[PDB]
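Inspection log for the structure reproduced underneath, given as structure tokens.
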Amino acid sequence: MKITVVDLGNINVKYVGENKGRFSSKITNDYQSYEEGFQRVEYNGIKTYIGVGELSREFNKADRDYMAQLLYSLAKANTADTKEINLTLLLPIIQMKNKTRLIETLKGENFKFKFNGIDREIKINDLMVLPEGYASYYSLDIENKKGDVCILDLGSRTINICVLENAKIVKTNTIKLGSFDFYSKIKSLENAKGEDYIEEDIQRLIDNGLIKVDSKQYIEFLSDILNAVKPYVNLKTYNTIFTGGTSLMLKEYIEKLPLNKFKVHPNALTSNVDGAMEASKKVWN
Amino acid sequence: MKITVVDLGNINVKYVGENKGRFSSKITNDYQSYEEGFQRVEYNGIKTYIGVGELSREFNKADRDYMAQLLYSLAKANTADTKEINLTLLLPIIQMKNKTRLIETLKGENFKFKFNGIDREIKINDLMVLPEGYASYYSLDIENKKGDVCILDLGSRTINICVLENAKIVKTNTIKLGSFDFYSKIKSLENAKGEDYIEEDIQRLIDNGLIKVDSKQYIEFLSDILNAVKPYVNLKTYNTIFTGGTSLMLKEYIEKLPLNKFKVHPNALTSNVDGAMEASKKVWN
Amino acid sequence: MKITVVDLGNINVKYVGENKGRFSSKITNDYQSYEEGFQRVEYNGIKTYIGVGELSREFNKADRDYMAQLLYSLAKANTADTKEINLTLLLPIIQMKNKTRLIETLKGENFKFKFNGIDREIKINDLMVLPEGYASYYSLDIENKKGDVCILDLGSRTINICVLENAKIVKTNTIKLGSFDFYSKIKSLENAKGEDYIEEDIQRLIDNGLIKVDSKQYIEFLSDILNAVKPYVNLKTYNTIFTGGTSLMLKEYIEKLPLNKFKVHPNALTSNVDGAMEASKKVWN
Amino acid sequence: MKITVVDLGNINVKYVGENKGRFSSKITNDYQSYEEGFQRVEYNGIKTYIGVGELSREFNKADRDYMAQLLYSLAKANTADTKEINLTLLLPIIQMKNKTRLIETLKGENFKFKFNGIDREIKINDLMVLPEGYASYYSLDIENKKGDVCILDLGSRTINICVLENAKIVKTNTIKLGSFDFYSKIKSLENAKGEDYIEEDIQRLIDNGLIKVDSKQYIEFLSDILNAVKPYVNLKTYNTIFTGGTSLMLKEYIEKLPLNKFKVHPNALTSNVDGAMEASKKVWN
Amino acid sequence: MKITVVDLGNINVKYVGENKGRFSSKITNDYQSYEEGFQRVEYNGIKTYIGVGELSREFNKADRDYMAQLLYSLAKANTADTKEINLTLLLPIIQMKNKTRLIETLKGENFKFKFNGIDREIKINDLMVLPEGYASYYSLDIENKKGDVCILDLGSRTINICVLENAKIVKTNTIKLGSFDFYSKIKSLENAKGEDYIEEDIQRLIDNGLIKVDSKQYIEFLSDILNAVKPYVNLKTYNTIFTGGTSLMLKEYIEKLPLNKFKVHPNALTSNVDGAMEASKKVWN
Ligand SMILES: Nc1nc2c(ncn2[C@@H]2O[C@H](COP(=O)(O)OP(=O)(O)O)[C@@H](O)[C@H]2O)c(=O)[nH]1
Ligand SMILES: Nc1nc2c(ncn2[C@@H]2O[C@H](COP(=O)(O)OP(=O)(O)O)[C@@H](O)[C@H]2O)c(=O)[nH]1
Ligand SMILES: Nc1nc2c(ncn2[C@@H]2O[C@H](COP(=O)(O)OP(=O)(O)O)[C@@H](O)[C@H]2O)c(=O)[nH]1
Ligand SMILES: Nc1nc2c(ncn2[C@@H]2O[C@H](COP(=O)(O)OP(=O)(O)O)[C@@H](O)[C@H]2O)c(=O)[nH]1
Ligand SMILES: Nc1nc2c(ncn2[C@@H]2O[C@H](COP(=O)(O)OP(=O)(O)O)[C@@H](O)[C@H]2O)c(=O)[nH]1
Ligand SMILES: [Mg+2]
Ligand SMILES: [Mg+2]
Ligand SMILES: [Mg+2]
Ligand SMILES: [Mg+2]
Ligand SMILES: [Mg+2]
């Protein structure tokens, strides 16, 4: 009946159902004393405190314990009364076969969990999966659908390329690259001097003004994500729709490019989710 | 019972049966993840995603894996219920003997294939073959049949000449030339500067306004396709019927010629198919 | 006085001067702590660690920062005492005009650089440029020069065709294709399952026995590089000289072809360099 | 002052001045990257690379862009110092009136051109024109001049007949036929099987041993060029002087004919040029 | 003359010279009455009792009072007679520049100290520094040097990764993680109940059987140190050499991994020291 979309992501989880929103992908099974005060979920006796701790850098995200974050998002989006829903997950455009390993464990499965002590249960009627990037196309404006575009989802570790002709995909590819490698690069020189920073506590430092990131350190990352797309796409052609949070981290610089036709998608952070929302409406409704 | 006509072509496939239409000749056996979203066919365990990828530039088109495109066209034209049909293929006017190598593999053969996952089967009662150009004559209007005409099919790589006297052919020839060489010429100067274009993604660029093709670049191609026909035909004589997609690419210029009597065939893209359709009606029906 | 030849290439750099040799085209500007242990060069304050990192997939290789690799090759080939030399670079056969943008920045220019901390300087008397493929002809044996041959340089991303009549070139063309697309194809299915491989760390895997490349995966690449040469050359004619590293990657299979006269050039990896070496001798000496 | 003779021909250009010689009639305006390496001429901003490309099959050779080949021959025959010369062109024996359209554009005209980058200029004092065949008579030996002969110039597409009584012409005619039609005939069956040959790259194949031309395929061409001369000449009468390159292509067979008196002209390839050379000497000198 | 190697470490000091050995990194400046009975060193009037007390958790170990432990190790390794030696210290692979701040204070410096009341003096001819991990490669067996390996030094707080191709390093990185965080995790739940344990007195408890460490508490730490290496290395590739004491704390579990090729280095505790010993021999001797 109700429909929900969950982009697990590697550093941010983005859910949209009856109530939309997002949070961080950090998950930790470590023991914690002041449980009342964290965001936590206990599934079949194992507890996880979300929003803090490690990052689960594992690739191939159909097996990276996509477990407590999913239920937490389901609880946070819908309400306690809801029992049966329809899930529309978003896997990368190169790992779409892994849905076989994904449906077998979720479809027609009843999940009971605490969600901060207020225990509840939820079932899913049917599961659905879409590739990242492709979904963001549907959220796109009509003016861009007609032409030949190139959805370029710049994730945290995955760049997903989906070249769309007049309402038909042509090229579909994935590249291992994103903001995470940039964070590793920054820490490679920061931790070197005397410090102890890591990939998780390094974006907040830039936000709060401790890491003096030079203007050209972003230019290098731009030219590195564009020296990995030439074999598959010519950006001057194929009017582009930059999406993903990484785009907003470089929006002030992506607009100063020698590209003849392009744009940065509005609400890029939630585009891949909103488009999948439309698609789910089209299918079930 | 039912009749179908399939012009495989080198850059466009054109089929006409219960439901007419066309598509691109691009075929690729490359692995693709998001299979659901492409147009695909799996024959005896080998899969092909049609409409994207390579071009299969091989000449002598009786052996260029005329395999998945044919079945895809058969499925797209007729319906799932249909089992037995009559095929009327169109080989060039110089490769008509190769029908021997063509009939032996198709006549009385049952073909089973997926066609985007909805597996089906089809048999062909008898196979028939006609030369390109000659067939387009039958689709021609009556006013032109009476006179002495010269069907000039300007394909992508083959110019087929069929000189018809009063309902009887006289001269029959094939020339290696067409729009593909023009595309190669354009890329020879475009890719030279800094670019990476190829023969496949170069027509769309002209359509979408990135390649500033000069007016005389078409004039050169016209005079090059006419400096290859003088030995066999004098165009001023033999009222001509330009056909093939290449003609429409030059219709605005072919009409400004110093030729005493000529025309560009209407629906030239599908003339060679419609005429063969009439001929098949005449034979079986 | 001294003469040097440098084929920058896209995945391998090949230099021949007083001391010949080669290395990888990988270049990275990323900060590195243990500088002593890498191969590095600092030019006008920007440092580059060669042999590791990215690949610089940019086409039109007259602008792809052909900068630190060139000086590194110059230092590694000649000795510290040498000051003035003559450079004979090798551009592709379709980008030979870009020498205008190449000579203006190098001719009569003194370059000072570190080369692993032992700072030195070097000047070049005059610059010279030759097209890829054509140069490899001169390294060829006499038995093949007399006839009508077709130098077919199968690079990593560029196939360069130079058809030579009796000591005179006829056809000259470039095609965007090579081993890099094959690596992308392999990773398209390897990274799909659960892995994280990329075009750079994928050949070593084949060498060390982790990627079970099927025998027909090479056959597909052969027939794909031969379905891109028919319009320009008929391989049965024009006795062929396969060159480039890609040929050695397929030497065991290129010899089982239905071609009437052909061969795989010995030391194909360095043929395009040795031939240019002869030509430079002829010109200056 | 100096004198030059230029037989443009349809497949071979033959010039004789201070330095004699010949080359191929192939001309192409197509863009080419490695300009240094071809034989090229740029006239008033349009460039042509001679010796490669198309063939310019147009008849009535007073308008077939007789433009870059002429200047190239002039430059190659004479030297850079020469400024004013006397031209003696050779039109067919049926198109001798077209000299009106030829003199108006050349006489007293200064032509400036590059000739492979070494720009130069040249003027012509007066222009002269002679018919093909007739000129070859003057190069003939004295033993044949006295009698009643029949100059039979077997060109590539034109057979020129000039019947000479005792130093006076009687019959003068032209026939559309020659080696080009034979090449078209050969390709009509070669390209049919699977191949892609054309009239331009088909003689070299015979020379290099790929086309197994049967002995009687030449006999058919002989009897076809002799079934087109009976109405105008009886070959048994009128002791004949076969000239033109086509004769050398059939010299081994023309000598086995049932003709009472005949011969194949020595240096037939250059006879029509040498005779015109004598005539020019007679007129101006 | 004599050579010594000192790995200060964060929880263990490891020295190798004329006499090898190790001890604990605990250092305390606190006053102690029964001085005779402890291991102590007094430098320029400040005394330190080694092997007991605090731990000096400071990172960037080029400034963490690397002072009394160093001299104590020097005295314990060599003998009283020795005056001049050569030091080969081991900094992490990300803090190798700090050698600048290290050499300035030690090179050519005479140090006088008590060493349990028997005052003595020592000078160092020259100082040398190597990165952790890289040094352990030299102690490795020949069978592993030839291949492409990945030295993975699992320290107490630092994981040092050095990817070695055929005798050449490629990737060099440091990660803040190790056994110390595991000890903090254990105490987080032990001290919670009623206890007062700390990171220093918690390993001995496991050894002596008071802390019932579950088998999966080590598995969590394994998967946490492997969820921090995927971005930089794929462990299935790059045959690995686990080193550092942490490896021995998990040797019984590291061998049950789904890794295709790996091993735990013998004498892992002293590998990083022995390899540096070889390197020092190579350089000075
Ligand atoms: N400057 C800026 N950056 C943002 C904002 N929101 C997200 N980002 C960046 O976008 C990245 C999130 O990547 P994400 O789209 O979640 O990757 P995914 O989880 O793999 O899909 C983070 O690294 C952020 O730095 C924002 O509001 N401002
Ligand atoms: N301008 C224009 N060109 C067209 C159109 N349809 C087809 N063409 C051109 O016609 C060519 C197709 O050639 P085709 O007839 O399929 O060759 P064949 O496959 O060998 O028979 C393409 O290169 C197109 O550029 C059209 O609607 N407009
Ligand atoms: N099997 C094998 N392959 C090789 C060898 N050397 C080079 N190659 C292949 O040749 C390719 C190098 O292409 P290259 O000639 O450098 O392209 P270019 O840089 O554009 O000129 C690589 O992808 C290698 O896989 C060899 O010794 N054995
Ligand atoms: N066997 C042979 N044939 C030749 C030779 N030279 C020229 N030919 C033939 O002669 C023809 C040239 O015809 P040509 O006299 O130039 O015709 P034109 O240009 O119209 O005057 C070519 O088709 C060649 O096959 C030769 O040395 N040997
Ligand atoms: N089980 C076991 N563990 C050991 C042994 N020796 C050392 N360890 C562990 O290894 C760790 C020492 O780490 P270390 O290599 O000194 O880190 P570093 O000082 O930063 O280089 C300690 O936490 C010990 O628990 C041993 O013999 N047995
Ligand atoms: Mg994403
Ligand atoms: Mg056609
Ligand atoms: Mg190359
Ligand atoms: Mg002639
Ligand atoms: Mg250590």
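Just remember, in the structure tokens the first chain shown is A, the second B, etc., residues are 1-based per chain, and ligands are 1-based in the order shown.
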Within-9 Å residues of ligand 5, basis only C-alpha atoms and all ligand atoms, as an MDAnalysis selection string: chainID E and resid 7:14 24:25 132 153:159 178:180 183 203:204 207 243:251 268:270 272
Given the selection you just returned, output its residues as a file containing N, CA and C atoms, formatted as a tab-separated table (two decimals), in the first residue's frame.
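Wrote it out as again.tsv, contents follow:
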```
chain	number	residue	atom	x	y	z
E	7	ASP	N	62.64	0.22	17.64
E	7	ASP	CA	61.23	0.51	17.39
E	7	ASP	C	60.61	0.89	18.73
E	8	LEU	N	60.34	2.19	18.91
E	8	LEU	CA	59.81	2.67	20.18
E	8	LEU	C	58.43	2.09	20.45
E	9	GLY	N	57.56	2.13	19.45
E	9	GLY	CA	56.22	1.61	19.62
E	9	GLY	C	55.43	2.39	20.64
E	10	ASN	N	54.15	2.06	20.79
E	10	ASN	CA	53.28	2.72	21.75
E	10	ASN	C	53.04	1.90	23.00
E	11	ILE	N	53.14	0.57	22.92
E	11	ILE	CA	52.99	-0.30	24.07
E	11	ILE	C	54.13	-1.29	24.22
E	12	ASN	N	55.09	-1.30	23.29
E	12	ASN	CA	56.25	-2.17	23.40
E	12	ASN	C	57.42	-1.54	22.67
E	13	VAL	N	58.59	-1.60	23.28
E	13	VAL	CA	59.83	-1.13	22.69
E	13	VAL	C	60.66	-2.34	22.32
E	14	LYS	N	61.24	-2.32	21.12
E	14	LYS	CA	61.93	-3.48	20.56
E	14	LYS	C	63.27	-3.01	20.03
E	24	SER	N	58.55	-3.14	27.76
E	24	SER	CA	57.30	-2.40	27.66
E	24	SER	C	57.56	-0.91	27.50
E	25	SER	N	56.62	-0.23	26.86
E	25	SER	CA	56.75	1.19	26.58
E	25	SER	C	56.34	2.07	27.75
E	132	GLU	N	57.84	2.28	9.05
E	132	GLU	CA	57.34	1.01	9.54
E	132	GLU	C	56.62	0.25	8.42
E	153	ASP	N	51.31	-3.95	8.58
E	153	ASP	CA	51.79	-3.93	9.96
E	153	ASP	C	50.65	-3.47	10.86
E	154	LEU	N	50.13	-4.39	11.66
E	154	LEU	CA	49.04	-4.11	12.59
E	154	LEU	C	49.65	-3.79	13.95
E	155	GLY	N	49.95	-2.52	14.17
E	155	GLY	CA	50.50	-2.07	15.43
E	155	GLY	C	49.44	-2.01	16.52
E	156	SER	N	49.75	-1.23	17.55
E	156	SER	CA	48.82	-1.03	18.66
E	156	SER	C	47.81	0.06	18.38
E	157	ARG	N	48.22	1.12	17.69
E	157	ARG	CA	47.31	2.19	17.30
E	157	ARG	C	47.44	2.56	15.83
E	158	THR	N	48.43	2.02	15.12
E	158	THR	CA	48.68	2.38	13.73
E	158	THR	C	48.73	1.12	12.89
E	159	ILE	N	47.92	1.09	11.83
E	159	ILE	CA	48.02	0.08	10.79
E	159	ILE	C	48.76	0.71	9.62
E	178	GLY	N	44.16	-0.13	16.04
E	178	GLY	CA	45.01	-1.19	16.53
E	178	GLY	C	44.48	-1.79	17.81
E	179	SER	N	45.36	-2.52	18.50
E	179	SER	CA	44.95	-3.25	19.69
E	179	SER	C	44.49	-2.33	20.81
E	180	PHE	N	44.99	-1.10	20.84
E	180	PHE	CA	44.64	-0.18	21.92
E	180	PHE	C	43.15	0.12	21.91
E	183	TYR	N	41.38	-2.77	23.43
E	183	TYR	CA	41.46	-2.73	24.88
E	183	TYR	C	40.47	-1.72	25.45
E	203	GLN	N	45.52	-6.33	29.22
E	203	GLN	CA	46.05	-7.46	28.46
E	203	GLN	C	46.53	-8.56	29.40
E	204	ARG	N	47.21	-8.17	30.47
E	204	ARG	CA	47.64	-9.15	31.47
E	204	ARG	C	46.45	-9.90	32.05
E	207	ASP	N	45.57	-12.55	29.64
E	207	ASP	CA	46.58	-13.60	29.70
E	207	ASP	C	46.37	-14.50	30.91
E	243	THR	N	52.11	-8.38	10.07
E	243	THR	CA	53.20	-8.18	11.02
E	243	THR	C	52.67	-7.39	12.21
E	244	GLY	N	53.55	-7.16	13.17
E	244	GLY	CA	53.15	-6.49	14.39
E	244	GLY	C	52.58	-7.47	15.40
E	245	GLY	N	52.67	-7.09	16.67
E	245	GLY	CA	52.20	-7.96	17.72
E	245	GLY	C	50.72	-8.27	17.61
E	246	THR	N	49.93	-7.31	17.12
E	246	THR	CA	48.50	-7.52	16.98
E	246	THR	C	48.20	-8.76	16.15
E	247	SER	N	49.05	-9.06	15.16
E	247	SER	CA	48.82	-10.23	14.33
E	247	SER	C	48.89	-11.51	15.17
E	248	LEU	N	49.87	-11.59	16.07
E	248	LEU	CA	49.98	-12.77	16.92
E	248	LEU	C	48.80	-12.87	17.88
E	249	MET	N	48.22	-11.74	18.26
E	249	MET	CA	47.01	-11.74	19.06
E	249	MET	C	45.81	-12.28	18.29
E	250	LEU	N	45.93	-12.41	16.96
E	250	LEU	CA	44.85	-12.89	16.12
E	250	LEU	C	45.32	-13.93	15.11
E	251	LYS	N	46.49	-14.53	15.33
E	251	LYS	CA	47.01	-15.50	14.38
E	251	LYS	C	46.08	-16.69	14.24
E	268	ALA	N	56.77	-12.07	14.05
E	268	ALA	CA	56.17	-10.81	13.63
E	268	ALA	C	56.52	-9.68	14.58
E	269	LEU	N	56.64	-10.00	15.87
E	269	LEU	CA	56.93	-8.96	16.85
E	269	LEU	C	58.22	-8.23	16.53
E	270	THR	N	59.20	-8.92	15.95
E	270	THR	CA	60.52	-8.36	15.69
E	270	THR	C	60.85	-8.27	14.20
E	272	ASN	N	59.75	-6.03	11.82
E	272	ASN	CA	60.03	-4.66	11.43
E	272	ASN	C	61.41	-4.21	11.90
```
Polymer residues at most 6 Å from stretch 26-42 of chain D, only C-alpha atoms, same-chain spacing of 2 or more positions, as a PyMOL selection string: (chain C and resi 94) or (chain D and resi 24+46-55+113-116)
10 Å contacts from chain C to chain B using only C-alpha atoms, as a ChimeraX atom specification: /C:58-63,92-98,172-176,185-186,188-189,192,220,223-224,226-232
One-decimal distance in Å that lies between atom CA of residue D:129 and atom CA of residue D:100: 10.1 Å
Who sits within 7 Å of residue A:273, only C-alpha atoms, same chain under 6 positions skipped, as a ChimeraX atom specification: /A:5,7,16,136
May I have the residues from that selection written out with N, CA, C and O atoms, as a short mmCIF file (atom, residue, chain, number, x, y, z; two decimals), in the first residue's frame?
```cif
data_model
loop_
_atom_site.label_atom_id
_atom_site.label_comp_id
_atom_site.auth_asym_id
_atom_site.auth_seq_id
_atom_site.Cartn_x
_atom_site.Cartn_y
_atom_site.Cartn_z
N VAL A 5 11.22 4.49 -0.31
CA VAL A 5 12.47 4.41 -1.06
C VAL A 5 13.61 4.67 -0.10
O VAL A 5 13.55 5.60 0.71
N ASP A 7 17.83 4.90 -0.13
CA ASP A 7 19.19 4.88 -0.66
C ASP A 7 20.13 4.75 0.53
O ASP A 7 20.32 5.71 1.29
N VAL A 16 12.63 8.14 1.80
CA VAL A 16 11.46 8.93 1.45
C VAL A 16 10.25 8.01 1.44
O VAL A 16 10.21 7.03 0.68
N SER A 136 17.27 8.98 -10.86
CA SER A 136 17.29 10.43 -10.78
C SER A 136 16.79 11.09 -12.05
O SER A 136 16.39 12.26 -12.03
#
```
All strand (DSSP E or B) positions in stretch 168-219 of chain E, as a ChimeraX atom specification: /E:168-176
Keeping only C-alpha atoms, write the selected residues to a file as a PDB file, in the first residue's frame.
```
ATOM      1  CA  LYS E 168      59.242  -1.384  -5.765  1.00  0.00           C
ATOM      2  CA  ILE E 169      56.687   0.230  -3.466  1.00  0.00           C
ATOM      3  CA  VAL E 170      53.416   1.523  -4.904  1.00  0.00           C
ATOM      4  CA  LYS E 171      50.975   2.421  -2.128  1.00  0.00           C
ATOM      5  CA  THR E 172      51.961   3.753   1.292  1.00  0.00           C
ATOM      6  CA  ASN E 173      49.413   4.641   3.951  1.00  0.00           C
ATOM      7  CA  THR E 174      48.707   4.782   7.675  1.00  0.00           C
ATOM      8  CA  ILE E 175      45.457   4.224   9.568  1.00  0.00           C
ATOM      9  CA  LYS E 176      44.657   5.127  13.173  1.00  0.00           C
TER      10      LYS E 176
END
```
Those of stretch 56-247 of chain A in DSSP helix (DSSP H, G or I), formatted as a ChimeraX atom specification: /A:68-77,99-106,134-138,142-145,179-193,203-208,215-226,245-247
Residue C:284 surroundings by only C-alpha atoms, 9 Å radius, close-in-sequence under 6 positions cut, as a list in words: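 Non-adjacent residues within range: residues 1, 3 and 86 of chain C.
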Selection: 9 Å around residue C:146, only C-alpha atoms, excl. self and same-chain fewer than 5 positions, as JSON, numbers by chain: {"C": [165, 166, 167]}
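Shortest separation to residue C:127 among C:213, C:149, C:142, C:102 occurs at residue C:102, atoms counted being only C-alpha atoms.
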Atom-to-atom span, atom CA of residue E:135 and atom CA of residue E:182, Å: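 These atoms are spaced 25.7 Å apart.
Distance-wise, atom CA of residue C:69 and atom CA of residue C:205 end up 24.9 Å apart.
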